[PDB]
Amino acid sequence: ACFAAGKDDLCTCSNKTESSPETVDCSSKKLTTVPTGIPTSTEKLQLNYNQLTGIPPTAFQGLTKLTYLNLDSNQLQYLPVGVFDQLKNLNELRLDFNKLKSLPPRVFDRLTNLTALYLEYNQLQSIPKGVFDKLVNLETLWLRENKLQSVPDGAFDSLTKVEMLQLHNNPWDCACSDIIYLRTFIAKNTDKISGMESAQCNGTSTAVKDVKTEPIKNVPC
């Protein structure tokens, strides 16, 4: 990917600047695997717009100084467990436009300095319990365009610095008991979190925030 720091190989490999980080740009390189050769000093890693089908548990091995990781627009089917656990210094993480159906438990749990998380345009059929519990520094959360029908109770409850929470184009089941946490959550926090009020019930026009809950409170999923 790079020959050394600031030394282009497969990828565009620039050094830090009085104003920019040491960045490795492997974007749009038609890559089917994660290249070895990325310097452990890398701060910003771009692997967007390639053909990755999966991620080797060893990919991001030494990269303990990464603040930005872009994995948008690949063919990711799964993420291995604990894949990001060594990237403790990450602020931004991008996984939009892949084929994720689920997420490994505690996947984001070591990414405590995360301020931005992009999970759009996948096929997530569920999220894990507590998957966002550790992300106390998170400001933006993008979950638009997946297969979610509900979120676990309290999913968002540690995200006290979130400013934007994008939620539409998710098939929310507004007729099952599980929607209730979300219904109340958006109704409570819509002045301080953006993008929630677009939330639309599956197969209808009715907004998720407007759902009567008392009537569905014992109807489970």
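A residue's number is simply how far along the shown sequence it sits, counting from 1.
Colleague: Hey, which bit's got the bigger mean C-alpha B factor in the entry, 177-185 or 42-50?
Modeller: Of 42-50 and 177-185, the stretch with the higher C-alpha B-factor average is 177-185.
Colleague: For the higher mean C-alpha B factor in the entry, choose 9-17 or 208-216.
Modeller: Result of the comparison: 208-216.
Colleague: Whose C-alpha has the highest temperature factor in the PDB entry: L31, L69, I193, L167?
Modeller: The listed residue with the largest C-alpha B-factor is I193.
Colleague: Per the entry's values, where does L63 land by CA temperature factor relative to the rest of its chain, in the lowest, middle or highest third?
Modeller: As the PDB entry reports it, the C-alpha B-factor of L63 lands in the highest third of its chain.
Colleague: Consider only the C-alpha atoms of the modelled residues in this chain, order them by B-factor as the entry records it, and name the third containing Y78: lowest, middle or highest.
Modeller: For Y78, whose C-alpha B-factor we compare with every modelled residue in the chain, the answer is the highest third.
Colleague: Going by what the PDB entry lists, where does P35 fall on CA B-factor within its chain: lowest, middle or highest third?
Modeller: Middle third, going by the recorded CA B-factors of the chain.
Colleague: Name the third of the chain's ranked CA B-factors that contains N113, choosing lowest, middle or highest.
Modeller: It belongs to the lowest third of the chain when residues are ordered by C-alpha B-factor.
Colleague: Going by what the PDB entry lists, where does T23 fall on CA B-factor within its chain: lowest, middle or highest third?
Modeller: Answer is middle: the recorded C-alpha B-factor places it there.
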